[PDB]
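Okay, so here's just one chain, in structure tokens, the form deposited in one PDB entry.
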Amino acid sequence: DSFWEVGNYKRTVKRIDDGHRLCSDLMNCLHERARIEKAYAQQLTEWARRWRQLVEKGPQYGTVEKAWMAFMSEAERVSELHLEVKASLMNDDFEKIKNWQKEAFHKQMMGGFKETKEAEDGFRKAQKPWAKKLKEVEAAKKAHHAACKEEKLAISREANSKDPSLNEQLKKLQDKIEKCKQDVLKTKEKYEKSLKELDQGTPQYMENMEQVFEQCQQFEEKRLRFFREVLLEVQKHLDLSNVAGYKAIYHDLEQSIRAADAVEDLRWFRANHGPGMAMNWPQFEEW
């Protein structure tokens, strides 16, 4: 249940497979955002294309037609602006994480990552002496839970011994007890002797596990620091107020709307479609 138990390092070795996994989960996350931005872009271009044709063809004209059109232009700047978020998310961040994942993790010909197997190996190897001593100890204690039982049972047999049927039979009982009692004694010493060695062994074993562990942390710290550095970059690319000309799109929009002059427009109609027009007052044609 705890890290020091044999093989309970399985977790810190898994963190490295998780390490790779997360480089993809993050790429996918960005990748999907990218499509969202380009979709909105696409929609905006479409809208402006649609409405450019409709305003040209329709009956709105003049400086109020200009103001209307202004709006399909701002859609076109916004479209370009979100389109290059896709561009930044994709060309840069995604590829940064992809290249990092190539340089940090390495698939091997018959398995997983070199990294994973290396941590998995240094762990096995720093745990090996001490796990050996452990099996030694457990076997010994079991051989001491065995002698104990048999001795106790020979002793019960003496209880059965106080049967009026016989009595070579008792002597055997006493001798059996003596040896069993003695054998309990030896197995005892063996066991506690092996337990001692395990304790000394343990300070040394403890050193080797931490050596291995602290370079698992190290590698992991690299991935964490990268996530940090890169997410700070991602957020710049998302921020459109980080763009110089964003503000200008709106300033230009405003300017175009302001220009629309109702009167300039009214004077254009009078002269081109109204009373302001040239007329050939009827004349007398001979012939």
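The first residue of the sequence shown is number 1, and the count goes up from there.
Visitor: Could you tell me how many residues of the deposited sequence sit unmodelled between residue 167 and residue 168 (none, 1 to 3, 4 to 9, 10 or more)?
Guide: Gap between residue 167 and residue 168: 1 to 3 residues without coordinates.
Visitor: Gap size between residue 196 and residue 197, counting deposited residues with no coordinates: none, 1 to 3, 4 to 9, or 10 or more?
Guide: Unmodelled stretch: none, continuous chain.
Visitor: Name the higher of the two by mean Cα B-factor in the PDB entry, 151-159 versus 112-120.
Guide: Per the PDB record, 151-159.
Visitor: Determine, for stretches 168-176 and 125-133, which one has the higher mean CA B-factor as deposited.
Guide: According to the PDB entry, the answer is 168-176.
Visitor: Using the temperature factors in the entry, find which of 77, 107, 145, 86 has the highest value at its Cα atom.
Guide: Within the set 77, 107, 145, 86, 145 shows the top C-alpha B-factor.
Visitor: If you compare 97, 209, 72, 185, which has the highest Cα B-factor in the entry?
Guide: So the option with the highest C-alpha B-factor is 185.
Visitor: Among the modelled residues of this chain, does the Cα B factor of residue 266 put it in the lowest, middle or highest third?
Guide: Middle third of the chain for residue 266's C-alpha B-factor.
Visitor: Place residue 139 in the lowest, middle or highest third of its chain's C-alpha B-factors, as listed in the PDB entry.
Guide: Highest third, going by the recorded CA B-factors of the chain.
Visitor: Relative to the other modelled residues of the same chain, rank the CA B-factor of residue 91 and answer lowest, middle or highest third.
Guide: It falls in the bottom third of the chain.
Visitor: Test of reading the entry: by CA B factor among the chain's modelled residues, which third contains residue 279?
Guide: It falls in the top third of the chain.
Below, we turn to the form deposited in another entry, even though it does not appear here.
Visitor: Would you mind checking which of 247, 203, 175, 263 is at the hinge, with one rigid block turning on the other between this form and the one not shown?
Guide: Among the listed options, 203 lies at the hinge between this form and the one not shown.
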